[PDB]
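What follows is a single chain, given as structure tokens, in the form deposited in one PDB entry.
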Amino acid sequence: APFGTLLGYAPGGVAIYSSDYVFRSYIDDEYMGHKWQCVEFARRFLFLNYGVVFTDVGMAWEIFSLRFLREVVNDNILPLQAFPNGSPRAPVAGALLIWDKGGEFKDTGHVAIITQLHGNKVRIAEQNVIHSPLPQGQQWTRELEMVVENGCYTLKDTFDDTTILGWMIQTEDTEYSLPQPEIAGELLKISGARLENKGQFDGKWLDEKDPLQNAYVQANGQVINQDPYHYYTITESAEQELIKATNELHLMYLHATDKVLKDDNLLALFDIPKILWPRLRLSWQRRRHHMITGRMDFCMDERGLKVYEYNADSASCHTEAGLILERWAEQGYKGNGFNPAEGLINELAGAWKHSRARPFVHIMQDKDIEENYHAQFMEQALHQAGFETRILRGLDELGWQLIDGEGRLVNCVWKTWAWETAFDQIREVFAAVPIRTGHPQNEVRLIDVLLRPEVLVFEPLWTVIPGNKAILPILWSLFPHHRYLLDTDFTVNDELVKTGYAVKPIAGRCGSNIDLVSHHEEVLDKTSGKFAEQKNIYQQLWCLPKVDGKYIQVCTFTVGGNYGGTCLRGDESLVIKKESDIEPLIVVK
């Protein structure tokens, strides 16, 4: 039957459509999947019957690697066990059934729901196998021979060339289960590479006729890094691991955010003016699904994958990884590899299309030359998502009801401004946020725009919580010894003294005021900055890898909660800074 046709329903009344090729599938504010993949059904089936969902994955077979589910009515995390086909643990109804990649399910693999288990077979329901109407009243798509020998169940797919990894059950009982996988550090190694010099970058290789590139040029010139003939490479396998860590960590971050907002004791550790708390919570409940983009900082090498911070509030690198590196590649790369961030612009237009952003968006940026091309890069994402924008450098063009230069109303704002800056205008100075709605010499401040009740702002005010480092000790707290985390505390405890630690201001950035100390209690590195007086967090030391004379760092972009790309920052020192360059990155298989 055509694409979209209803072929039947699964237990509980869950529809199943034909996907024989508005493609996103949502059930309210929740993303289900592409239409009509085997994954969209599986996730919708769990959401509609159990009110739980599994993270976003590249391919179906990757679902067998997850070890947690998200409970949707409260952003809570649930434990999920995996089981090998042939396990003493029977494939109960409701469980997820996963196919690896191979045979009928080539690279993707496959996922299905076990609807009913019998004595010599089981029934499953799925969405991308059958494209024809199901027997009236049949709430299963296929039957699978199941053998039972010595308290061990083994399924036999109806295809002669496929492999069934097993099934997953949401329980705390780990008996019989598979330990969570872990990629061979060998595959996480960052490798140097060189292109053959033939002067592909000898001149103006970045188009200056294009307003966006030229904007970038006017801030950096025809340059990305020290030497444009040298790039770095990672394995498609490591990228997969980065997509996995990004999507997982984000939920852990939203989950931690949730817990902080519900406990004054925790909220008090962020050093945010109390007058704002009620506004933080409201932002949380109302703008919960509005964060458009963030960037994570990772240390990646054979030792594994670690996360330093999450730039949820405001984050750049987008122009670099998503535009210049695209032209760089088109200009000098002739290999089979690819730029892991080439889909950044479209990924952003997409999040905007689906955002509840008003028709006209005012883009507010401070007067910084980097913020200059960043703003224009975000403006092009919005114009693609079909929005209208005007950029505002500084506040001078603003005036009062808030209006801009050309007399237009300001009701929707995208800021490159950091929420912290607005928090200073409050710290410096009541029954409410002390904002002006009138002024003799028509002088508008920052807080006078971002905190005015009728202005729709991105990133939302709650993002300043997962964006503040005081969240790290909380992360550690909720997921002790999590494979991707580093021990973090608000003091230096015994366990940090042995390992060594990095001192970091809870609201800093660009590597300002950072102190690295080794187990030998020796200061490996220091930086200064304007955030010297803020509270600090102490996080287990874990130094960047050095490759080809530079310490490389891995960064992933979150777009609407999911991986949107990867990029590199590389510096002659152990600490990355606003200046640290963006090195070309190619992923290879």
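Only the largest set of C-alpha atoms that superpose within 1.5 Å between the two forms is called the rigid core. Numbers for residues come from their place in the sequence shown, where the first is 1.
Another form exists, deposited in another entry; not displayed. Remarks below refer to it.
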statement: Superposing on the rigid core between the shown form and the other one, the only one of 238, 124, 296, 321 with a Cα displacement of 2 Å or more is 124
- request: Determine, after fitting the two forms on their core, whether residue 41 shows a C-alpha shift of 2 Å or more between the shown form and the other one.
  value: yes
field: Post core alignment: residue 139 C-alpha displaced by 2 Å or more between the shown form and the other one
entry: yes
- prompt: Does residue 247 count as moved between the shown form and the other one, where moved means a C-alpha shift of 2 angstroms or more after fitting the rigid core?
  reply: no
